[PDB]
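J.: Make a model of this:
(one chain, ligands or ions: 1)
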Amino acid sequence: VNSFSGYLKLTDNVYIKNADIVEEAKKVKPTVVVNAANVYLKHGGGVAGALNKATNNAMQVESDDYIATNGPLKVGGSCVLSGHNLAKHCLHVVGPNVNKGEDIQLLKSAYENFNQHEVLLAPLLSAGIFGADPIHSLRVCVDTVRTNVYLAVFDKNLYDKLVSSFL
Ligand SMILES: CCc1c[nH]c2ncnc(NC[C@@](C)(O)C(C)C)c12
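T.: Residues are numbered from 1 along each chain as shown. The structure is reproduced below:
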């Protein structure tokens, strides 16, 4: 039993809700919140900009130190950093950014990072400003992630479309 509330159950291990991941994380304080990161951990917009804003820019400060030490992530890769006031940990996961021309096959590799964590609060990878089809992102999520994932979808219209078209 966990503290996630109001989710619809899609499969044995995947759940979904129309919710702002920022407000959801502040309420649940999950062990792991997933950030829709880029390889430079420059949290400018989309989910990343919103999560970072909620940390009063502390996420960005931590991230800049991480990059200065380690260099950029790989597309499809991830790193675990602090969750600040939102979660115990933030798993920064880099899905491909279609608006940069990055291979969509890397979306599966990106979701594989979720399997290192027993429970996660997460956005759909590569959705929104990363330019991928969210219906496809949900399909890859369900077919790749084996751990318990709680997907927060900001747009109510998109949430309804995702539920109604799920196979
Ligand atoms: C600023 C973006 C954002 C803030 N809080 C969020 N929580 C969840 N998802 C988000 N964006 C991705 C998306 C695919 O769900 C959306 C575009 C329908 C956000």
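J.: Count the residues that sit near residue 101.
T.: When neighbours are counted by other C-beta atoms under 10 Å, residue 101 registers 8. (C-beta placed from N, C-alpha, C; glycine too.)
J.: same question but for residue 8, I mixed them up
T.: Neighbourhood size, residue 8 [other C-beta under 10 Å]: 14.
J.: Which residue, neighbours along the chain excluded, lies closest to it?
T.: Nearest non-adjacent residue to residue 8, counting by C-beta to C-beta, 6 or more residues apart in numbering: residue 16, 5.3 Å away.
J.: secondary structure element for that neighbour?
T.: strand 14-18 (DSSP states H and E).
J.: my guess is residue 49 contacts residue 43, does it?
T.: Yes: under the criterion of C-beta atoms under 8 Å, residue 49 makes contact with residue 43 at 5.6 Å.
J.: Alpha carbons only: can I get stretch 106-124 in PDB?
T.: C-alpha atoms of stretch 106-124 as PDB (Å, rounded to 0.1, in the frame of the first residue of the first chain):
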ATOM      1  CA  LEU A 106      15.800   5.600 -27.600                       C
ATOM      2  CA  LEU A 107      12.500   6.000 -25.800                       C
ATOM      3  CA  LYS A 108      12.600   2.400 -24.700                       C
ATOM      4  CA  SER A 109      16.100   2.800 -23.300                       C
ATOM      5  CA  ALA A 110      14.900   5.900 -21.500                       C
ATOM      6  CA  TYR A 111      12.100   4.000 -19.800                       C
ATOM      7  CA  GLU A 112      14.400   1.200 -18.800                       C
ATOM      8  CA  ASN A 113      15.900   3.500 -16.200                       C
ATOM      9  CA  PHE A 114      12.600   3.300 -14.300                       C
ATOM     10  CA  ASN A 115      13.200  -0.400 -13.600                       C
ATOM     11  CA  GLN A 116      16.000   0.500 -11.200                       C
ATOM     12  CA  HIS A 117      13.300   1.900  -8.800                       C
ATOM     13  CA  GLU A 118      10.500   0.000  -7.200                       C
ATOM     14  CA  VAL A 119       8.000   2.900  -7.300                       C
ATOM     15  CA  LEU A 120       8.100   6.200  -9.300                       C
ATOM     16  CA  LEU A 121       6.000   9.300 -10.000                       C
ATOM     17  CA  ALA A 122       6.700  10.200 -13.600                       C
ATOM     18  CA  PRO A 123       5.600  12.100 -16.700                       C
ATOM     19  CA  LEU A 124       5.300  10.500 -20.000                       C
END
